[PDB]
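Participant: First the structure, which I've put down as structure tokens, then a few questions once you've had a look.
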Amino acid sequence: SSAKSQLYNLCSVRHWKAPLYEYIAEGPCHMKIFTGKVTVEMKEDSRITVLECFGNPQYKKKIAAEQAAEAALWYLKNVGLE
Amino acid sequence: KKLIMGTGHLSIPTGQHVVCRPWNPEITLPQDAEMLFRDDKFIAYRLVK
């Protein structure tokens with residue numbers, strides 16, 4: 001199971017907005033590296049904390065977004081969530 | 001500093017702005033960065049304003 005989908009599941013199961021993915025793109029046009037950014041809106045007892053997670057730069061957006069999700073999961077596990 | 005973890009959890013800094021990147025020993029955090037916690041694979045922090 002992919003970390004991108006696990007983060008989606010976690011987000012609905014807790015009645016959260018679905019996570020949003022953006023991308024920073026660096027380099028000349030013939031070599032673009034992508035950094036994944038995922039935003040999760042953490043709702044805890046009716047108040048919201050915004051979680052912004054990045055991964056490392058990858059050559060494929062898909063791998064870059066996966067790693068962003070994987071960072072979000074890391075943080076959410078460490079604060080006792082699933 | 002170091003803190004082995006059993007079955008504890010961490011608090012959410014409720015209502016602020018939290019950021020997590022992969023951690024690399026020669027990373028640079030921005031001015032407003034306040035490290036919350038990290039292992040040796042990721043790091044979490046927040047901003048001042």
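Identifiers for the structure tokens are assigned positionally: chains receive A, B, ... in sequence, residues are indexed from 1 per chain, and ligands are indexed from 1 in the order shown.
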What's around region 15-25 of chain B at 10 Å? Count only C-alpha atoms, leave out sequence neighbours fewer than 5 positions away in its own chain, and write the answer as a ChimeraX atom specification.

Facilitator: /A:36-44,47-56,67-68,70-72,74-75 /B:33-49

Participant: Got a sec: who's within 10 Å of residue 6 (chain A), counting only C-alpha atoms, leaving out chain neighbours fewer than 6 positions off, as a PyMOL selection string?

Facilitator: chain A and resi 69-70+73+82

Participant: Please give the complete set of residues from region 2-79 of chain A that DSSP, run on the backbone, assigns to strand (DSSP E or B), formatted as a PyMOL selection string.

Facilitator: chain A and resi 20-26+33-44+47-58

Participant: I'd like the interatomic distance between CA of residue 61 (chain A) and CA of residue 32 (chain B), to a tenth of an Å.

Facilitator: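 The value is 28.1 Å.
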
Participant: Could you give me, as a ChimeraX atom specification, each residue of chain A that DSSP assigns to helix (DSSP H, G or I) when run on this structure's backbone?

Facilitator: /A:3-13,61-78

Participant: Could you turn the residues from that selection into a file that holds C-alpha atoms, as a compact mmCIF listing (two decimals), in the first residue's frame?

Facilitator:
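Result saved to part-v8.txt:
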# COMPACT_ATOMS: atom_id res chain seq x y z
CA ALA A 3 2.05 6.21 1.52
CA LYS A 4 0.02 8.57 -0.69
CA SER A 5 -3.08 6.41 -0.23
CA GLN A 6 -2.46 5.72 3.49
CA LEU A 7 -2.43 9.49 4.04
CA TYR A 8 -5.69 9.79 2.12
CA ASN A 9 -7.29 7.04 4.19
CA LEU A 10 -6.08 8.54 7.48
CA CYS A 11 -7.49 11.89 6.38
CA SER A 12 -11.05 10.76 5.68
CA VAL A 13 -11.15 8.36 8.67
CA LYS A 61 6.58 14.17 -9.48
CA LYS A 62 5.00 10.85 -8.48
CA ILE A 63 8.02 9.74 -6.50
CA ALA A 64 8.35 13.26 -5.07
CA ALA A 65 4.72 13.35 -3.90
CA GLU A 66 4.98 9.84 -2.42
CA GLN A 67 7.91 10.97 -0.32
CA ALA A 68 6.04 14.07 0.85
CA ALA A 69 3.17 11.83 1.99
CA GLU A 70 5.69 9.58 3.69
CA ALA A 71 6.93 12.58 5.69
CA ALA A 72 3.38 13.54 6.74
CA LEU A 73 2.80 9.95 7.91
CA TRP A 74 6.04 10.01 9.88
CA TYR A 75 4.85 13.10 11.74
CA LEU A 76 1.32 11.81 12.27
CA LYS A 77 2.51 8.49 13.68
CA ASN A 78 4.85 10.34 16.05

Participant: In Å, how far is it from CA of residue 9 (chain B) to CA of residue 19 (chain A)?

Facilitator: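 Going from CA of residue 9 (chain B) over to CA of residue 19 (chain A), I get 22.6 Å.
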
Participant: Hey, can you check how far CA of residue 21 (chain A) sits from CA of residue 57 (chain A)?

Facilitator: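 Distance between the two atoms: 14.2 Å.
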